[PDB]
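Only one chain comes next, encoded as structure tokens, the form deposited in one PDB entry.
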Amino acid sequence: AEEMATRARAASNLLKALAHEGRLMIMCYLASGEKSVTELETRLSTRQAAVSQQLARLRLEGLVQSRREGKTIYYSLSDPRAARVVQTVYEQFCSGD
């Protein structure tokens, strides 16, 4: 019961960070491996200003990590809890089915 409240708060904080169509798209792409910002901006329909904000949100939530290789910025999953949620709501569509 008191353990439920602790689990409920951590879970809801995780779902809050994932309850966004654009962010969910980024997670899915990153489920198939590390990808750069231009790769995601190329794949994602919306404007690149929205992509970088969604990336910044996923990063400050600890749900993705980044690294720089010169002028390139690469992003990867960095959270096993979020990967399982993404895997569940997509029904392994990002795994390649």
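When you see a residue number, it is the position in the sequence shown, counting from 1. Rigid core here is just the name for the largest C-alpha set that superposes within 1.5 Å across the two forms.
As for the form deposited in another entry, it is not shown, yet the points below apply to it.
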After superposing the rigid core, is the C-alpha displacement of residue 85 2 Å or more between this form and the one not shown? yes
Please check if residue 25 moves between this form and the one not shown, taking a CA shift of 2 Å or more relative to the superposed core as movement. no
Do you see a C-alpha shift of 2 Å or more at residue 73 between this form and the one not shown, with the core held fixed? no
